[PDB]
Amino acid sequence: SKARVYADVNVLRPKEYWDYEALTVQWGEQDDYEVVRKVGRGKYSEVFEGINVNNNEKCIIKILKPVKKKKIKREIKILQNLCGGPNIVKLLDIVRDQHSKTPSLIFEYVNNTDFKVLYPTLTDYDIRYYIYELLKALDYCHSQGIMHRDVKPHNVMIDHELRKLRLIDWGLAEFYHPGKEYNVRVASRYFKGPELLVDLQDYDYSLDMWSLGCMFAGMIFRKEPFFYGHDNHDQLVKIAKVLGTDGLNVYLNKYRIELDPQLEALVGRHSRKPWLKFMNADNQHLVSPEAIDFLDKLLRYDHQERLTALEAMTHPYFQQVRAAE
């Protein structure tokens, strides 16, 4: 398997673009940035609103938990490669504690509203709008030779009053190289593609398009998360209960993959459930034939069959958003 687009980007670029292991970090001044208040957190970090003492501007400070040289250089390099692209969070500076040498990444500030409070208030048009903004980001990083590998609402920051969107947390991102076999332990569970769940390791940018379909589905049907599995095997089963096992089977045959026996039994046999059966009284104002058609073309087993980011931005679902632009 190889990507159907952007496949030779890293082949054509000079090796310094992608050989992140060769990077030498140019540390900035730790004292330039002061912590004002905690605002988020995760497995690999703690995040605060900060102030740049030089200009008194707001910023975001991501203090890293102890991390391997290899891992952090990958995140920094990718962020520097993407800085300035459409709706990509901007990395402003890199600094670290002298005594402990704990690294911090410094980012632009965003007045985000957690998706559990904000998404219930979004109109039909609002949803088209914000998802179009997310696609710009994704087409950009793919075209720069990079897969995000952790798309999900928690990693999409939004200022609703300004209506501005940023794609954050580049911790799992990686450069695409034709035929390379990748680690499948990426993404977040409710958003993992079938490739990750059946151990197909030569995957590509198209993984991110599955994750986006998962997110999009949660929003129009107001059912979050859409595929609600408890573990990786159950995750594959919940998908199978909607998409159907026949297409899962044609998928495994073409890639010549075999399911763990245990897996196979849990999955079972199931007929496809059409998307209007998800429609109901709390979501009836958001489900339209164009929303469903766009969704349908993202959530496919065969990664090679999904819309690219570039194709998705042209779907008539977004026609109004494009016209306003």
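Definition used throughout: the rigid core is the maximal C-alpha set that superposes within 1.5 Å between two forms. Residue numbers run from 1 along the displayed sequence.
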Self-check item: Stretch departing more from the displayed form, 238 to 246 or 90 to 98, Cα RMS in 9 other deposited structures of this protein (core fit)
Solution: 90 to 98
Exercise. On a core superposition, give the stretch, 100 to 108 or 150 to 158, with the larger average C-alpha separation from this form in 9 other deposited structures of this protein (RMS over structures and residues).
Key: 100 to 108
Practice problem: Going by the average Cα B-factor in the PDB entry, point out whether 56 to 64 or 269 to 277 comes out higher. | Solution: 269 to 277
Exercise. Look up the CA B-factors in the entry and say which stretch, 75 to 83 or 248 to 256, has the higher mean.
Key: 248 to 256
Quiz item: Between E264, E46, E49, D296, which carries the biggest CA temperature factor in the record?
Solution: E264
Quiz item: Whose CA atom has the top B-factor in the entry, of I94, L162, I168, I146?
Solution: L162
Exercise. Please rank the C-alpha B-factors of the chain's modelled residues and tell me whether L286 sits in the lowest, middle or highest third.
Key: middle
Quiz item: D19's Cα B-factor: lowest, middle or highest third of the chain?
Solution: middle
Quiz item: Against its chain's modelled residues, does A7's Cα B factor rank lowest, middle or highest third?
Solution: middle
Quiz item: C-alpha B factor of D208, ranked within the chain: lowest, middle or highest third?
Solution: lowest
Practice problem: Within this chain's modelled residues, let me know which third the CA B factor of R306 belongs to: lowest, middle or highest. | Solution: lowest
